[PDB]
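Take a look at this single chain, the form deposited in one PDB entry, given in structure tokens.
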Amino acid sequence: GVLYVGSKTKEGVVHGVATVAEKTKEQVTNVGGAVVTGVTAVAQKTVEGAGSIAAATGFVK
């Protein structure tokens, strides 16, 4: 079906994901999967089958 997105902004500002750490001993950072982060961000049908986007670290020390 139809999906109409119309925007008439003026002076937009976007930040997406942001990670910060300090004085840590052991850092592990994992980002992704389906991050989109726009000014007119649009996502549709990220999975349309028996499929996975499991951005799963699995820290097993």
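Superpose the two forms; the largest set of C-alphas matching within 1.5 Å is the rigid core. We number the residues from 1 along the sequence you see.
Keep in mind that the form deposited in another entry is not shown, yet the notes after this line are about it.
For the residue set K23, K45, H15, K10, core-aligned C-alpha shifts between the shown form and the other one reach 2 angstroms or more at a single site, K23. Note: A55-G16 Cα separation is 3 Å or more longer in that other deposited form than here. The gap between the Cα atoms of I53 and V39 is larger in that other deposited form, by no less than 3 Å, than in this form.
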